[PDB]
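The structure appears right after this line, and notes come after that.
What follows draws every value from the coordinates through simple rules; no lab data is involved. Note that we place each Cβ from the backbone using ideal geometry, even for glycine, and neighbour counts take in every protein chain shown.
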Amino acid sequence: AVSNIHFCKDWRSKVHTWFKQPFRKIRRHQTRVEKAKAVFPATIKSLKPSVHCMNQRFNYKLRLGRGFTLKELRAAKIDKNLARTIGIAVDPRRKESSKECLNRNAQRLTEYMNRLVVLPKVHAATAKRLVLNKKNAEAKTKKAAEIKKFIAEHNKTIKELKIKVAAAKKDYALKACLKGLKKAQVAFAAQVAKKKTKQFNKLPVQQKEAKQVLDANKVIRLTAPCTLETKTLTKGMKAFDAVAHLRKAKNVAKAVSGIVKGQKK
Amino acid sequence: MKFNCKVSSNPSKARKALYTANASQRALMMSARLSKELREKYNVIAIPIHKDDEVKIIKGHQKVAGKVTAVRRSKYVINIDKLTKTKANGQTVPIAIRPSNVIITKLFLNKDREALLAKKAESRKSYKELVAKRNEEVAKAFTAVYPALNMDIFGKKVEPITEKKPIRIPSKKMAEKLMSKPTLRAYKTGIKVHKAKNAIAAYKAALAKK
Amino acid sequence: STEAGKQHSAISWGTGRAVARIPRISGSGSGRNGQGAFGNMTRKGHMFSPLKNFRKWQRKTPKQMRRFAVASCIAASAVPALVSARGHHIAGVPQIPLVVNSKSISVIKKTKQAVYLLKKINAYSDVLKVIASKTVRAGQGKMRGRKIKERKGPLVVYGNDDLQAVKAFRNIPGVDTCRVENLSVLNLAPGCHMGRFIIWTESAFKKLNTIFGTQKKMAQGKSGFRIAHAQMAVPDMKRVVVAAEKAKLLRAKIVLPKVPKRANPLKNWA
Amino acid sequence: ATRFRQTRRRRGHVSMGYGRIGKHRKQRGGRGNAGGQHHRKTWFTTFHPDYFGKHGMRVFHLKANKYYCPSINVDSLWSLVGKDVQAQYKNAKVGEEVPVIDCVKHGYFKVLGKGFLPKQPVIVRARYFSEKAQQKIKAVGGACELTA
RNA sequence: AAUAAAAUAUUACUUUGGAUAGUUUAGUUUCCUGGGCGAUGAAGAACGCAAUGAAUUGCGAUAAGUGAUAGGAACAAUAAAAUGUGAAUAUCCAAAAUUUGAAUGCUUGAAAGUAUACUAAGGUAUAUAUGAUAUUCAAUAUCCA
RNA sequence: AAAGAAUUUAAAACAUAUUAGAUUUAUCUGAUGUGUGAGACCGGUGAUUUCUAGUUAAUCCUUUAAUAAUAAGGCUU
RNA sequence: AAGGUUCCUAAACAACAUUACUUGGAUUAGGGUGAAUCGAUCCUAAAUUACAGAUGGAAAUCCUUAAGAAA
RNA sequence: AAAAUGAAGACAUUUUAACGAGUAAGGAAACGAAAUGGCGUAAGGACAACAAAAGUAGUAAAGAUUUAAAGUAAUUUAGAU
RNA sequence: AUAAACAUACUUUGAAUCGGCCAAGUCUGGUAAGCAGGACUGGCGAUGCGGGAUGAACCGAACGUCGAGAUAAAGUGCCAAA
RNA sequence: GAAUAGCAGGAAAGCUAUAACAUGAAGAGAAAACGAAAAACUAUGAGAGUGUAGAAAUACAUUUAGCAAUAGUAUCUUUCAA
RNA sequence: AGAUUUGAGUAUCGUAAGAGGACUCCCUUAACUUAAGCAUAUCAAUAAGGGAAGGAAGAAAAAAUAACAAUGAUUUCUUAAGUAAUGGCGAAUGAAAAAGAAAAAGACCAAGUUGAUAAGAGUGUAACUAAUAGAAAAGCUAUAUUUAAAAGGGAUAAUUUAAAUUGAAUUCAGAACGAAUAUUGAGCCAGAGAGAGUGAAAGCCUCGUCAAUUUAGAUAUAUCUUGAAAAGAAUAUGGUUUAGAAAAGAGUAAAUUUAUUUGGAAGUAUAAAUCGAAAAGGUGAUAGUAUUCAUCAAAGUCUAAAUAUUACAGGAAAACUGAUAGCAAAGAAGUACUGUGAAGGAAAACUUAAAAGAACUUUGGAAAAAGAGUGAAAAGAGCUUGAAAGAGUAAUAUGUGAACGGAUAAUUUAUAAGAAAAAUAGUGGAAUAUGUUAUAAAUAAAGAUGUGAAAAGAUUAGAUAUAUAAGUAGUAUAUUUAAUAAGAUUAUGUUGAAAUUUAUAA
């Protein structure tokens, strides 16, 4: 074998030895521990989005990003100025990639907001937010009744149908129920289209026992666990020709050159 | 084992710190034990030696008693008036004695040994109450699991377990085939030696029975 | 030192001076001048290829083969022939896989009680052999701090719930403790001789099946590791021999006939 | 293990196993791949007959991620789910549920046709397909699905 | 042919030499914590200071040491004196800190030196560049009575 | 001519139409509609691919966001 | 000029001066060098070095009264 | 080399037969019938009086000088000073 | 016909080496050479032993440590066994 | 023992980490563009029985099996070209 | 005469310089060497020379990647990768996106707007100012949302740093030694058996070590107080009346040429000569023009954290060296000594436990010697041991132009092998053999197949409490209710192998 060794330069002064490696572990760990002691959710490693990877080689894998876009904060009803102070990373540089990216990261913030508990800015029980939350309590209870009751009327058909399909799959392990739920889902979506909500939700501020968690990205999992997928083999899938569809796609793109040459002649 | 990272277990660094110790720390190294009579009066085990302190030699050629005439912290030795040697021409010179080979019998206590002997006394008492407090908690835990027993069983004779239950494991057949040749020949030699020792004892017992 | 022995401006004197061609120190006024230089055969020069701090000190071993050897080292601790052959006095022990109650361990807080437990289970024969035969090192290793050379005694393997009884056993001479999960050949086969006398506690012994699994189940605490089967099922040659003798397949044993010496028929009438 | 080297078996022999006529000198024909066409030409000719020259076109900044395409043959498809799942749906046909063997999730982008498939229906979903791979899947009674 | 002076051979003992063996207050390497100098004069150099010192060590005309805070009976080669009314010893402290040196009033070779001002001697200040403020000026440079 | 449901609720680019405030300039700056750009079919429609016979075009590979004419690089001799 | 106590005295001779030494430019210990007029200090000669200026990527080089509200 | 025997003897098993010069060079470790066998220097981890005091040592270590013995040899062992 | 099972066929990895010299019922250049260069074989190199007094190559014969016996080349007046 | 993150023990040692990637499972072409079965065939070959006999071992006849390896083939992927 | 501009002198208050440069940022066109020669290339941001800093420095918030189901400041590590590319296409040189981690943080100038404009600047301070990226001023409003009197003092707690204090158990007994820690016997401590010293080997003699205590120092650590808990203030999306009808870095980007550099190849980066933009524009690495697409928006500034370190200082460790070794240096070592100078640069460890370092006599000019004495022992200061080379003394042997070695014998000397015992006949069983009984030990099972229990959980559906609520079985936590599916682990049935070999006593 023809050897290829780049040792003709001075490699002896280029040698880096890792004798400090066992001591880097102790040093970094002691700082991670000291950070939580100082202010515990500072090492909480502020929540980050679920962005896809680049290139076709990786695009089917999700991975943590850096900061939510300002459109994802508005969708989740969070002030961008308050987001950085409750352990949420913000990246105004990122442009929104898709509707599906906007939706997926919108539930990531909503799930985080429900789990989040914010202590008052002043410990003393006479803090304004503690006082205000007691003053408007009767209005919130009155408001809660309307929200609960008019939620309980809009989902009457969907909730009842969703029970039927759940039991239909149980007994089967069906076609009639699936058609019924699909037809109802279209109507509900079409009813919503035919409309002004809160600009910002409330910050959940309360007094509670301090249960300290070292991060939030390990609590809200990026992706749901995968299982075996099975499908109903129909006559339509049996006759679909994937090879013909790939060669048509390849040849159509390669035919855009001849189209341009033909016109110019 | 030592667990303090600041101190060192290096013999070379231990000796060097001993030879370069200043006069302040050389006095604490020169300590001798109090005698039985002085130990009962003050409840102090050992104090640094002093001039005019009477001592008795306990290790060496001559176990004489005398008065300390010189404490030499550079040489780490002391001098006794009784122990002397004539320097050939007739004059006598003192003989150095390590302070750890003598015990103090009479004290020279002006005003500060009263401060020291009192301070070293409260320290002994305060540690005894600390050991006593810890020893009662160990006893408190032991009885909580073995109520019928007492903590005094540890300081007495132990009776071993006489049961000899064997276990059948399908590896005793290979035990001689998992031995290297050097260690198999030693194992089998010890077996043959023990049998000969056991055969003679059997033969001796027959004659004793006869 | 990377500059040891090479700290001179020495050059060779050439030929024509009736002296060898080794480089020589420059100048005058001292005895050092005109002497040898860097060469490894010379005095105060650099040695042969000087030792470099970026050598390969630590070695790499596959994890599965690391676990293969630990199981073989644990399995060998239950063979009294191998445990004794390693140099352990285990004549008085009740069972060779010595397991003690977890309730008894939980009350151990002093070295006087830890010694009491060792005497009861007849393990003090090993503890005393190390005490009685402790000696001093033989060679230059005493200058470096290694003076006392002791022997190996029992190994105490405990579990997660026996973390308070460790401080009692650690001061006993020649008694090394370990945790069941942190086992390795450095404890089980010290000196590369297998069959350490291991004293198990109840919790550690009852965890061994979870950690290692069996020959039919994959280990839970060791992902990807399963105990291997020996090259033979029953490592004994006798049962096959008696089967063929029963089946009349073996010829009879042969004693080589005495080969007669050559004689001279022209003179030896017999 | 320096005690197992050959230097320990040659202590006493003058030349240390290198010959008396042809000594062990500094160089044996140059430093590196010197003389690739002059005095080591018979070496490069013998053992690397296409070492010298040029071939093919230059790619100024190659994108090796664009040529990434793991492939799996048809005979290795059912291993992606297991032999226990395969036996469960052994007696299925058109109309009822059939397992979907997606390959992108397992990291295979293209499916090739080599070897044989078990005589069961299956739904193979992947990015690219081969002409003989799709024949073998359809002949067994299955379907081909595209992705991305 | 002959003798053993010389010559040669072995052992014991002595001698010249300092190998070998035992030993280490010395090094080497890695890692941890810092990485804390100077016009308020540094690093470096010179000279001087111990009852008896040449080097070395410590120190600076208050000299192998002063005050203060801890510390508790020494030092020693030989004398002396002082000493529980506090000896050795230690210090991120206080006082003091010769000639030089970036060396900076001017000159400096191995050069001894020297001017002005302020407060006979003694002590401070006065180099170059430079920011801000005050002040005295120069230029018909722009206007302008 | 013969085989084909096609997957499922949080949206910005603005080509535009219409007004509002200003400017004269190679003139702009806000906001309100619409389509675009949309995708949830009921045994049968059919988007979609295939086959045949013509006809128009393009055809050795590459310059890596897409094409084009020059240019350059490939492969064989 | 260079050397640096080699000068003088006393005690003393182990080493050193190709024999020896009571001798010594050698060992030990003390003593010794006095300036208004002799010199350095003062002046300039060949030459040499500063502030500002000029040059140079840089270290630094040039200029010595020419370039300066300088001397 | 071939037969025989084989958990441990022991001398690296028993028997029979053939063979044995040698420069450069090769024969790394392990491999029960062992895919050559060994001696020596130093250091590290274990073993070294099996009944609870477990290798030798001020009743004399290491080293040195010699006298003898074992080994084909490398070397080892013991006595005396 | 004869011989051949520790036969036969190898495979992989690699060392050293390619200054050679001698003899002859052989040859070419040369007056010739212990000169220069070749064909076939055997040697020396790498090799000691018995003989040629002595000798790298000649003659006999190739070597574990030995005891006894016939032998090889060649010898049998003394050195020197016969 | 990829960095790295944890565990007990205080530990440059030990243990645990559904993990990026490295080599391999597929090969040809410069590249675009592709991407492997007639569920193979032939020859010789390893092993297993049964019977007879000499007669001690062992030799002959017959039934079956066709691994490794070598060679030759049909077929299939890629290339202007196998 | 006055108002300014510019430039000086002086006074006051400060600032730079020099040391160090291991790590950090840069300037400069070395060569030996490799290519088996050598001239481009390589050595090589390498050596030397030069400048500047800090405890770290540098970089840092896209005129960036990519062509995707897309990302998103900087730095460092893994991988990509000895790959794409570069190269007398020779020798050789050689990246980066993606992907996995450590750490995470963003802010200001200028330009624009507001002008009864603000001791110093009006040739402009100050205030507002960007991804819904035509901002910017004054005043009324609406809706969601954030909010305790900030900062600064004082006290306790907690976490770390330093110092001090404390810190068990034989001052045991016998024998022997110059001397006990060693040896024998009997004990004790241990969260302490790391280590040093001690006439000699010590867990229990001293100092220490494990476990602790106290006092001080810091935290941007929490509590209480000063401190009231109000008035208000703040983010964002809108409406309205006036004001206003903007700006976004120039000898810069780019171009022609040259030179160096780069993996960057019809030019990756820097610089010089010339040239030089904009109703913007850069990039998508094959030069060119055109039309689309994508993604950014240069020519100003700062910015912690993760990373480096062979200066130097203080510590800890070691399969490191053990006085020709390890630093050149284990002693007054960069010392002695050499050179005009830059510079060059060594050697030398050990008496004893303790100097008890002989001390007085005789001979001698003296040094010394002989006695005497100390010491366990002269170990006698040229001092632990004391090898070889070379000598001296004593014993023995040998001899004509070398000496030494080997085989074989002779002589001399030395080493060095033993205390049992015969034949025949009475007496004797004493080691042992055969095989019968009794007892003891050892030797056989690898597996296959039935039935259960089950923690931690998971999924589904209700209830309660708190928070939030978007109009998509509302979500999240906690306590519970009932069920399904699996479950690490774990318990126990059935089956299926003895009859032999040794040992002891008759």
Trypsin sites (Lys or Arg not before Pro) within the range B:1-38: which are DSSP loop residues with at most 13 other Cβ atoms inside 10 Å? B:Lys2, B:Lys6
Considering all projection directions equally, how large on average is the shadow of the alpha-carbon convex hull of the range A:101-190, in square nanometres? 10.0
Stokes-Einstein translational diffusion, the range B:80-210 - Kirkwood Rh over all Cα pairs, 1.002 mPa s, 20 °C, in µm²/s: 85
Please list the equivalent ellipsoid semi-axes of the range B:1-110, computed as the square roots of five times the alpha-carbon gyration tensor eigenvalues, in descending order and whole angstrom. 28, 21, 12
Taking every alpha carbon pair in the range A:1-61, what does the distance histogram look like in 10 angstrom bins from 0, in percent? 15, 17, 19, 32, 14, 3
Got a sec? Charge dipole of the range C:12-82, +1 on Cβ for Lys and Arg, -1 for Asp and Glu; which of C:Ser30, C:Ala78, C:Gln64 is way out at the positive end? C:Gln64
Could you work out the Kirkwood radius for the range C:138-220, taking every pair of different alpha carbons, averaging 1/r and inverting it, reported in Å? 14.8
Set the Förster radius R0 to 41 Å, insert the Cβ-Cβ distance between B:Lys172 and C:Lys56 as r into 1/(1 + (r/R0)^6), and round the FRET efficiency to 0.05. 0.50
So what are the ³J(HN,Hα) numbers for the range D:83-94, from phi and the Karplus equation (6.51, -1.76, 1.60; θ = phi - 60°), rounded to whole Hz, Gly and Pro as x? 6, 6, 5, 4, 6, 5, 9, 5, 9, 9, 8, 6
Bins of 10 Å from zero: percent of alpha-carbon pairs in the protein assembly as shown: 2, 5, 8, 11, 13, 16, 16, 12, 8, 5, 3, 1, 0, 0, 0
How fast does the range C:198-270 diffuse by Stokes-Einstein, in µm²/s, taking the Kirkwood radius from C-alpha pairs at 37 °C and 0.692 mPa s? 173
Run the numbers on the range C:1-72 and let me know its relative contact order in percent, using alpha-carbon pairs under 8 Å that are six or more apart. 21
In percent, what relative contact order does chain D have, based on Cα pairs under 8 Å that are 6 or more apart in sequence? 16
Bin width 10 Å, alpha-carbon pairs only: give the P(r) of the range C:3-153 as whole percents, running from 0 to the bin holding the largest distance. 8, 18, 18, 16, 10, 11, 11, 7, 1
Pick out which of C:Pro173, C:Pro62, C:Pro97 has the largest mean-square fluctuation in a Gaussian network model of chain C, springs linking Cα atoms closer than 10 Å. C:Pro62
Compute the Cα gyration tensor for chain A, then decide on rounded, prolate or oblate, letting a ≥ b ≥ c be the square roots of its eigenvalues: rounded whenever a/c is under 1.5, prolate when a/b is larger than b/c in the other cases, and oblate in all that remain. oblate
Calculate the FRET efficiency for A:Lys37 and A:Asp79 from the Cβ-Cβ distance with a Förster distance of 25 Å, rounded to the nearest 0.05. 0.25
Going by the alpha-carbon gyration tensor, a ≥ b ≥ c the square roots of its eigenvalues, is chain C rounded (a/c under 1.5) or, if a/c is not under 1.5, prolate (a/b greater than b/c) versus oblate? oblate
Normalised per residue, the volume inside the convex hull of the alpha-carbon atoms of the range C:44-128 in Å³ amounts to 268
Once the Cα atoms of the range A:53-108 are picked out, what are the Rg and Dmax in Å? 11.9, 37
Taking the beta-carbon count within 10 Å as an exposure proxy, list D:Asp75, D:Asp102, A:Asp171 from fewest neighbours to most. A:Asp171, D:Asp75, D:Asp102
16 Å cut-off, amide nitrogen to a point 7 angstrom out along B:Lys120 Cα→Cβ, residues in the range B:41-64: B:41-56
To the nearest 0.05, what FRET efficiency results for B:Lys140 and C:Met65 with a Förster distance of 60 Å applied to their C-beta separation? 0.75
C-alpha center-to-center spacing [the range A:80-99, the range C:92-170] in angstrom: 60
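So what is the 222 nm mean residue ellipticity for chain C from helices alone, if each DSSP H run of at least 4 adds -39500 (n - 2.57) and you divide by all residues, rounding to the nearest 500 deg cm²/dmol?
Counting only the DSSP helices, I get -7000 deg cm²/dmol.
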About its Cα centre, how strong a charge dipole does the range B:25-172 have in debye, to the nearest 20, once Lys and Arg get +1 and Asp and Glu get -1 at the Cβ? 620
How large is the Rg to Rh ratio of chain D when both quantities use alpha carbon positions and Rh follows Kirkwood? 1.36
With no solvent term and unit scatterers on the alpha-carbon positions of the range C:79-154, Debye gives log₁₀ I(q)/I(0) at q = 0.15 Å⁻¹ of -0.67
Which distance in Å, rounded to a whole number, links the C-alpha centroids of the range B:66-110 and the range D:11-34? 75
Over the range B:1-110, what is the relative contact order in whole percent, taking alpha-carbon pairs under 8 Å and six or more residues apart? 27
Projected onto the charge dipole of the protein assembly as shown (+1 at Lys/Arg Cβ, -1 at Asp/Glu Cβ, origin at the Cα centre), which of C:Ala138, C:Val127, C:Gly224 gives the Cα projection farthest towards the positive end? C:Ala138
